[PDB]
K.L.:
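Dropping a structure here in structure tokens format, bear with me for questions.
The chains referred to below are lettered A, B, ... by the order of the sequence lines, with proteins before strands, and numbering in each begins at 1.
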Protein chains: 6
Amino acid sequence: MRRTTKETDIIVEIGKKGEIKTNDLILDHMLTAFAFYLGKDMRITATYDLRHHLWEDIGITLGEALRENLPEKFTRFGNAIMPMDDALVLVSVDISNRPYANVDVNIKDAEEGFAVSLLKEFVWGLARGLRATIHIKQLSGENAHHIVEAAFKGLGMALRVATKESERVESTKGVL
Amino acid sequence: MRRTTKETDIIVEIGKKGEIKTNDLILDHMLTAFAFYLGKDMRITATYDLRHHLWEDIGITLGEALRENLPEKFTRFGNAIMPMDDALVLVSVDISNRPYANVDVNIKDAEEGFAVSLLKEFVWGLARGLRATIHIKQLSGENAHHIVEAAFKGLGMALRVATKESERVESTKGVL
Amino acid sequence: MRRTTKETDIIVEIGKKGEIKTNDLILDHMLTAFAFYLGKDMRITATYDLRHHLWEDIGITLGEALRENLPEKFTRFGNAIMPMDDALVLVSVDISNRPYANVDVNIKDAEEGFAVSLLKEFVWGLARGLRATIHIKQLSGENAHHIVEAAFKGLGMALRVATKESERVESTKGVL
Amino acid sequence: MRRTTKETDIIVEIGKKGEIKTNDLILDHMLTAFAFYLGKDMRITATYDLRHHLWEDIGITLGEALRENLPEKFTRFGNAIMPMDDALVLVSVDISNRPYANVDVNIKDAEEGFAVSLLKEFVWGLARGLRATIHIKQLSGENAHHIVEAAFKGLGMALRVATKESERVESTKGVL
Amino acid sequence: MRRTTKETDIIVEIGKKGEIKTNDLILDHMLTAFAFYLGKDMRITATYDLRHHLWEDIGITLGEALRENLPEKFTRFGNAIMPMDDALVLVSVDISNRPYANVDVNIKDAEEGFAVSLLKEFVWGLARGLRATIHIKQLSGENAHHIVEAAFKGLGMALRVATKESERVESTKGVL
Amino acid sequence: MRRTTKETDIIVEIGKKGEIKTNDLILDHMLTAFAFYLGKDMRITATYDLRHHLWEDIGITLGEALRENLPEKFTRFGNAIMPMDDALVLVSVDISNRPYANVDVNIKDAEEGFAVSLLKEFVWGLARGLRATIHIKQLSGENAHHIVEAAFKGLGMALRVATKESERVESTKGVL
Ligand SMILES: O=P(O)(O)C[C@H](O)Cn1cncn1
Ligand SMILES: O=P(O)(O)C[C@H](O)Cn1cncn1
Ligand SMILES: O=P(O)(O)C[C@H](O)Cn1cncn1
Ligand SMILES: O=P(O)(O)C[C@H](O)Cn1cncn1
Ligand SMILES: O=P(O)(O)C[C@H](O)Cn1cncn1
Ligand SMILES: O=P(O)(O)C[C@H](O)Cn1cncn1
Ligand SMILES: [Mn+2]
Ligand SMILES: [Mn+2]
Ligand SMILES: [Mn+2]
Ligand SMILES: [Mn+2]
Ligand SMILES: [Mn+2]
Ligand SMILES: [Mn+2]
Ligand SMILES: [Mn+2]
Ligand SMILES: [Mn+2]
Ligand SMILES: [Mn+2]
Ligand SMILES: [Mn+2]
Ligand SMILES: [Mn+2]
Ligand SMILES: [Mn+2]
């Protein structure tokens, strides 16, 4: 899937053997973690003007790509609790068709390239593109890289669960 | 436009002279204010199980109806500052394709039938159905009815502006 | 229009080329600002015993004069945000037939002749004579003259909007 | 199973396709969520005098019905973390034969029909009827309906796990 | 118009279709937003030593170019309230011939390339080159890019209003 | 496997049906819980001088024995949330080859034989022998025995998950 604006040009191809090359080494690493714990190969390429636009538009495109790949009847709910050294991060997803993100982190030891702004904009992008409810809740930790990487690992693991096929439409209201 | 779940059954028809009859007298009043200040006739009918499901699903259906009704090129931005006796409420809308709501109110004198829960759920529904950014920011006020009605009046006025036809795609990124 | 008591004798004639001469140089200046931003010539003359009675009775007479000049179907709502150097003042008017004034200012650097008492009594007079809801909300500023003059400039601009002719009775209740 | 007092008359039949009709529309909705996420059809009918007696006695009767339905050797432990928009609620169950409930919620935006009293009394009833340890721990959230519905969804999911057949008596002390 | 010092060399040509290329990608994006919402084509090119000198001198030069472009009699006042996701920013301009800037923002989630220092210096440069009073007041928000971009969008929209032709000298003192 | 120092002499044999007999009745009970929820038979015998050296060295030896027992490719991650009456304890494990323990508990009602010192030293021993990251985070609770026992139950359950065979090396860096 390709999404192109005047700001960014992004390809996300889920289930395809390929490199993740966004021209942002931090995001390449985070997306590698996400794909690995999701349990899917993917090819991702991007060009961009500003890193915010990249992280957001990657979130949106990835979310749309996951939505396109979603079985007609899907599990809907998935969670992960991801430790990474000092970090302990809860990730909870509901593929609800109600875009919402709540990212609650507390970075004590900052690291160049890792920013809460960028994390939040990726997650809101993902929530909007997938049309999902996403909570990221830090339970412990100080290190920026461990916290953010735990969040991406957790997103991958939670979405592994939530995107599996189900026998039914997973809502009491009869529609998702 | 009709939206039907096991919880609610809603029809919203913009531009048709008709009744607003939701079987919730508070919501009927608030929607009447909204339609009046938007400057458009509309017919709205609904059945529901619980009031929260009604307020939310009315927001969603109304938002989708407004989105369907938009000119290809639209003004995108609209604001209103709405006084109502003690209440003074700022409503700011960006038809951004990025669902978001922030409803920041402070009700001192409560009134039966008016609930922040219901206002928030309508606004989030509208933000999700229209695919828009919506801020409701109370500047002054105490009375629940004045605050909530000012918000609905302000939403009508802000959307009156934001849904008008434009000569261009109103985004520097070239797409909405 | 003339209003005469044992305390004051006031003439306000809107749409007439003339001087504003109240025998209070501060009020003459504030009224000049008001008329200029309203976009109307006016003639105003007054005699008075005490400045409070002047500012109040000018408010009342001006409000009655605006009410007499109001089209049968009028726009009802008008706002202004007026910067003046350090001052930034929001003025929001609803010609509601529900007299109410809320003047929320915070003068740090006082100036002879400018008093919150006098401002409040003018505004309450205006609200009572016009039969309107009036909010003045200081958003920024320290200087008494800039804050009060911004309020009068803003009143003029807000009433310019609110006193324009409309195609309809601007109330969902069918009466104003 | 039928439980009858001078206050309430309740039938709960697990595994029968049937209606959930308690004459309380909120509880009907919450029980529908519970049964849906438990993954079991059930028929529930009730009459009652006061809502508290209904919520409590429904908990008791449902708990007894679940206890009667358990395989001799059961999994005992089950958890769910349930997001619902702003709400994020942890539900942790141990079918311990030691009745206990701790419901730790924080409702900011109240909603008519939803009460912490009623939630607590249902959960304590369920803990006493099933003979179980039940924690409901709010991690995030403001909305009453989202919080309470997340708790019922989470209870269904947690009990789905805890009520599954096991190869052994799940206790180091050799008895449950 | 061209402005050259030992620090910077800047060309701003309002009304010419052309590139905005300052050798600062963040400023290019912000000026693109500014020009788009002002509603005028412009060509802007720059070289510079240090980003602060660029942002400031661009503000000065753009301000001078706008001043040169004004009709003899101009509207003087303009406002915008600009939402951008979480951000909600008020921009209020008075082309007063009294240089003044007050930039009141609160960035919670910082982003590389975006700095309050640079925003303030651009706005002070603009106020000084145009000879204007400029308030930027954040009402809501956390994200640096959303806040700063909302300010530039808002400046564009406010100056669109303020730079229009008027029938009169817009001052009670008879000169601007 | 056997580990002998001048302080302790410990045998841990995973997969062998046998006694857990450490000459510390509290540790015997905790290890019984651990083994039961891990789902593996084991024989553990020990002699010791001081209880701290026992708890630590048991942790080390058990960790080494688990490490020796791992398949070449293992699941790596495992979590448990364990209620025990008032206690609710999160246990999160990553068999990371990066020894780390964070035991975050809050015992209100102390009990003879149970000490935070001993729990921490067991967990650090285990993290160091297995070469793993281990978080024990109390979410609720007062009673020492319930809290500590929930931690051991949870460690068993979490390691049941983490020690299973995987089809791949579970790390984006390609080595563990
Ligand atoms: O989570 P869902 O949509 O499956 C069912 C809910 O009952 C719908 N809802 C949304 N807000 C309150 N209720
Ligand atoms: O508001 P838009 O989408 O027209 C242009 C913005 O540049 C896009 N954006 C979204 N977050 C940061 N920038
Ligand atoms: O503002 P109005 O009078 O047009 C209509 C309102 O519904 C009347 N009202 C006055 N208080 C509460 N409602
Ligand atoms: O949780 P159980 O009943 O399987 C075993 C526990 O050892 C019993 N216990 C209850 N309080 C303290 N210990
Ligand atoms: O805003 P202006 O210059 O049009 C007229 C003001 O009265 C001048 N002024 C400046 N400070 C106080 N008053
Ligand atoms: O958790 P791992 O070792 O599988 C991969 C991580 O990227 C390595 N890392 C360790 N600290 C920061 N990153
Ligand atoms: Mn963004
Ligand atoms: Mn890493
Ligand atoms: Mn809802
Ligand atoms: Mn009303
Ligand atoms: Mn008085
Ligand atoms: Mn003056
Ligand atoms: Mn009771
Ligand atoms: Mn519901
Ligand atoms: Mn400078
Ligand atoms: Mn941008
Ligand atoms: Mn030690
Ligand atoms: Mn015990």
Side-chain angles (χ1 to χ4, degrees), chain B residues 83-85, chain C residues 1-24 26-80 91-103 115 117-136 148-149 151-166 169-171 173 175-176:
Chain B
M84 190 177 176
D85 290 12
Chain C
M1 165 180 286
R2 187 166 178 182
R3 183 179 179 279
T4 307
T5 75
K6 293 179 180 157
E7 302 172 344
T8 61
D9 189 11
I10 292 167
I11 295 166
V12 174
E13 280 164 354
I14 294 170
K16 183 149 155 178
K17 280 178 265 176
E19 69 196 359
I20 294 168
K21 294 287 173 188
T22 62
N23 298 300
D24 176 328
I26 304 288
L27 188 57
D28 290 350
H29 179 44
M30 292 307 95
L31 292 172
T32 298
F34 174 83
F36 187 90
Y37 292 100
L38 181 66
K40 291 272 172 55
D41 292 297
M42 49 184 86
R43 187 170 82 85
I44 300 173
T45 72
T47 60
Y48 67 94
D49 49 5
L50 298 186
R51 292 182 74 214
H52 182 129
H53 298 160
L54 176 68
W55 283 61
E56 177 160 353
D57 296 357
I58 282 277
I60 294 170
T61 310
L62 178 61
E64 294 176 334
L66 290 162
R67 178 58 77 158
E68 296 204 341
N69 207 59
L70 204 55
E72 288 189 312
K73 293 170 180 165
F74 52 94
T75 289
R76 181 183 171 181
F77 292 105
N79 302 306
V91 179
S92 180
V93 173
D94 170 3
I95 306 179
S96 55
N97 206 25
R98 293 187 293 260
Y100 179 80
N102 178 340
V103 177
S117 170
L118 299 180
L119 174 61
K120 286 186 178 165
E121 290 298 290
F122 169 79
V123 176
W124 263 114
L126 183 63
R128 289 172 177 137
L130 180 57
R131 306 188 309 268
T133 306
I134 308 180
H135 286 262
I136 299 186
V148 178
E149 188 171 343
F152 277 86
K153 288 172 160 167
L155 281 164
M157 186 75 72
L159 284 159
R160 187 198 306 181
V161 176
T163 61
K164 290 192 181 130
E165 193 178 355
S166 171
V169 176
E170 290 288 337
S171 175
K173 78 189 180 299
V175 309
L176 252 182

K.L.:
Could you verify whether a donor N or O on one side chain and an acceptor N or O on the other, from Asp57(C) and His53(C), lie under 3.5 Å apart?
P.N.:
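The answer is no; no qualifying pair exists.
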K.L.:
Mind checking whether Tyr37(C) and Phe152(C) have ring centres under 6.0 Å apart?
P.N.:
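Judged by ring-centre distance (under 6.0 Å), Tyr37(C) and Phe152(C) do not meet the cut-off.
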K.L.:
Where is the tightest heavy-atom contact between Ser166(C) and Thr75(C), given as atom of each residue plus distance?
P.N.:
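In this case the closest contact between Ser166(C) and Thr75(C) is CB-N, 3.9 Å.
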K.L.:
Below 4.5 Å, heavy atoms only, C-beta onward: do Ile95(C) and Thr163(C) meet side chain to side chain?
P.N.:
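The answer is yes; the side chains approach within 4.5 Å.
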K.L.:
Measuring only between side-chain heavy atoms, which start at C-beta, is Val123(C) closer than 4.5 Å to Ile136(C)?
P.N.:
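Side-chain contact under 4.5 Å: yes.
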K.L.:
Could you tell me the separation between the OG1 atom of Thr22(C) and the CG atom of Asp28(C), rounded to the nearest 0.5 Å?
P.N.:
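That separation rounds to 3.5 Å.
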K.L.:
Can you name the nearest heavy-atom pair linking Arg98(C) to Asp85(B), along with the distance?
P.N.:
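Looks like NE-OD1, 2.8 Å.
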K.L.:
What class does the angle between the rings of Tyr100(C) and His135(C) fall in, given that below 30° is parallel, 30 to 60° is tilted and above 60° is perpendicular?
P.N.:
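Rings of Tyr100(C) and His135(C): tilted, 30 to 60°.
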K.L.:
Are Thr133(C) and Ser96(C) close enough that a side-chain donor and a side-chain acceptor fall under 3.5 Å?
P.N.:
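Yes, because at least one side-chain N or O of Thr133(C) sits under 3.5 Å from a partner of the opposite role on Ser96(C).
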K.L.:
How long is the span from the CZ atom in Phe34(C) to the CG atom in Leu66(C), to the nearest 0.5 Å?
P.N.:
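One finds 5.0 Å between CZ of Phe34(C) and CG of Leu66(C).
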K.L.:
With rounding to the nearest 0.5 Å, note down the distance linking CG in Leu31(C) to CG in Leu27(C).
P.N.:
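It is 4.0 Å, given to the nearest 0.5 Å.
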K.L.:
If you define the side chain from C-beta out and look only at heavy atoms, does anything of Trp55(C) sit under 4.5 Å from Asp24(C)?
P.N.:
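They are in side-chain contact.
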K.L.:
Kindly indicate whether the side chain of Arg51(C), heavy atoms from C-beta on, has any atom under 4.5 Å from the side chain of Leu118(C).
P.N.:
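Side-chain contact under 4.5 Å: yes.
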K.L.:
Is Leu119(C) close to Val103(C) at the side-chain level, that is, under 4.5 Å between some pair of heavy atoms?
P.N.:
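In contact.
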K.L.:
Identify whether the distance between the nearest side-chain nitrogen and carboxylate oxygen of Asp41(C) and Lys17(C) falls below 4.0 Å.
P.N.:
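No, this pair does not count.
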K.L.:
Salt bridge (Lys or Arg N to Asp or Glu O under 4.0 Å) with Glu64(C): which residues, sequence neighbours excluded?
P.N.:
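Partners of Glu64(C) by the salt bridge (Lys or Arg N to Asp or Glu O under 4.0 Å) criterion come out as none, since no residue qualifies.
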K.L.:
What's the shortest heavy-atom distance between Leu62(C) and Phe122(C), and which atoms?
P.N.:
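Minimum heavy-atom separation between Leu62(C) and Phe122(C): CD2-CZ, 3.9 Å.
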K.L.:
Between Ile10(C) and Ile58(C), which heavy-atom pair has the shortest distance, and what is it?
P.N.:
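Smallest heavy-atom distance, with atoms named: CD1-N, 3.5 Å.
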K.L.:
Nearest 0.5 Å, what's the CD1-CG distance between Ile134(C) and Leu126(C)?
P.N.:
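The CD1 atom of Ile134(C) sits 4.0 Å away from the CG atom of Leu126(C).
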K.L.:
Using only heavy-atom distances, determine whether the side chains of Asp9(C) and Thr4(C) contain a donor-acceptor pair under 3.5 Å.
P.N.:
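Per modelled atom types, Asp9(C) and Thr4(C) side chains form a pair under 3.5 Å.
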K.L.:
Working to the nearest 0.5 Å, report the span between CD1 of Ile26(C) and CG of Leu54(C).
P.N.:
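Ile26(C) atom CD1 to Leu54(C) atom CG measures 12.0 Å (nearest 0.5 Å).
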K.L.:
A side-chain contact here means heavy atoms from C-beta on lying under 4.5 Å apart; do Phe77(C) and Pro83(B) qualify?
P.N.:
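Yes - at least one pair of side-chain heavy atoms lies under 4.5 Å apart.
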K.L.:
Do you know the tightest heavy-atom contact between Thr45(C) and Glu19(C)?
P.N.:
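Minimum heavy-atom contact is CG2-OE2, 4.3 Å.
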K.L.:
Start with the C-alpha distance between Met1(C) and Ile11(C), add both sets of side-chain angles, then the distance that settles side-chain contact (heavy atoms from CB on, under 4.5 Å), and finish with yes or no.
P.N.:
CA-CA 6 Å; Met1(C) 165 180 286; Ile11(C) 295 166; over 6 Å; no
K.L.:
Please round to the nearest 0.5 Å and tell me the distance separating atom CD of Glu72(C) and atom CD of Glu165(C).
P.N.:
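Output value for this atom pair is 9.0 Å.
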K.L.:
Got a donor-acceptor contact below 3.5 angstrom from the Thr5(C) side chain to the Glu7(C) backbone?
P.N.:
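It does hold such a pair.
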K.L.:
My understanding is that only residues two or more places apart in sequence, or in another chain, count here; which of them pass side-chain contact (heavy atoms from CB on, under 4.5 Å) with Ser171(C)?
P.N.:
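Checked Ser171(C) against side-chain contact (heavy atoms from CB on, under 4.5 Å); matches are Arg76(C), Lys173(C), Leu176(C).
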K.L.:
Show your reasoning for whether side-chain contact (heavy atoms from CB on, under 4.5 Å) applies to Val91(C) and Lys153(C).
P.N.:
CA-CA 9 Å; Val91(C) 179; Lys153(C) 288 172 160 167; over 6 Å; no
K.L.:
Give a yes or no on whether the backbone of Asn97(C) and the side-chain of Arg131(C) come within a donor-acceptor separation of less than 3.5 Å.
P.N.:
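Between the backbone of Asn97(C) and the side chain of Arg131(C) there is no qualifying donor-acceptor contact (under 3.5 Å).
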K.L.:
How close do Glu149(C) and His29(C) get, counting heavy atoms only, and between which atoms?
P.N.:
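Minimum heavy-atom contact is OE1-NE2, 3.1 Å.
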